[PDB]
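Listing of work-v3.txt; format and content: compact mmCIF, C-alpha atoms.
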# COMPACT_ATOMS: atom_id res chain seq x y z
CA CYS D 1 -8.94 16.68 17.56
CA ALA D 2 -5.32 16.15 16.40
CA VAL D 3 -3.66 12.79 17.25
CA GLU D 4 -0.02 13.89 17.90
CA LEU D 5 0.38 14.69 14.11
CA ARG D 6 1.75 11.09 13.66
CA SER D 7 -0.27 8.36 15.54
CA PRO D 8 0.77 5.07 13.84
CA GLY D 9 -2.69 3.46 14.37
CA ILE D 10 -4.64 3.42 11.07
CA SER D 11 -1.57 4.82 9.17
CA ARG D 12 0.67 1.88 10.26
CA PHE D 13 -2.29 -0.48 9.42
CA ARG D 14 -3.34 0.98 6.00
CA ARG D 15 0.28 1.46 4.71
CA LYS D 16 0.79 -2.36 4.69
CA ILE D 17 -2.65 -2.92 3.01
CA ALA D 18 -1.63 -0.51 0.18
CA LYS D 19 1.77 -2.31 -0.26
CA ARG D 20 -0.07 -5.63 -1.00
CA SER D 21 -2.42 -3.97 -3.56
CA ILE D 22 0.46 -2.19 -5.43
CA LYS D 23 2.65 -5.35 -5.87
CA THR D 24 -0.31 -7.28 -7.40
CA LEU D 25 -1.05 -4.33 -9.77
CA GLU D 26 2.57 -4.18 -11.08
CA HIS D 27 2.72 -8.00 -11.53
CA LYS D 28 -0.31 -7.72 -13.91
CA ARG D 29 0.68 -4.43 -15.72
CA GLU D 30 4.48 -4.82 -16.33
CA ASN D 31 4.20 -8.62 -16.86
CA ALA D 32 1.48 -8.09 -19.58
CA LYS D 33 2.35 -7.68 -23.31
CA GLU D 34 0.97 -4.09 -23.53
Once more with this new file: its structure as structure tokens, please.
Amino acid sequence: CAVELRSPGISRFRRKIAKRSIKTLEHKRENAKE
């Protein structure tokens, strides 16, 4: 069933997890020579 079309349960939990993975990816891609 629908969960109010928003429900900040897993969304508000997974959004922070993604933020941590993106910052580490940029620090290794942009900071590299090529």
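Between CA of residue 29 (chain D) and CA of residue 15 (chain D) there is a distance of 21.3 Å.
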*For CA of residue 34 (chain D) and CA of residue 17 (chain D), quote the distance in Å rounded to one decimal.*
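Result for CA of residue 34 (chain D) versus CA of residue 17 (chain D): 26.8 Å, one decimal.
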Starting from 8 Å padding per side, set up an axis-aligned box that covers all listed atoms of region 14-25 of chain D and hand over centre and edge lengths in Å, one decimal, as lines of an AutoDock Vina configuration file.
center_x = -0.3
center_y = -2.9
center_z = -1.9
size_x = 22.0
size_y = 24.7
size_z = 31.8
_Can you measure CA of residue 24 (chain D) to CA of residue 9 (chain D) for me? One decimal in Å is fine._
24.4 Å
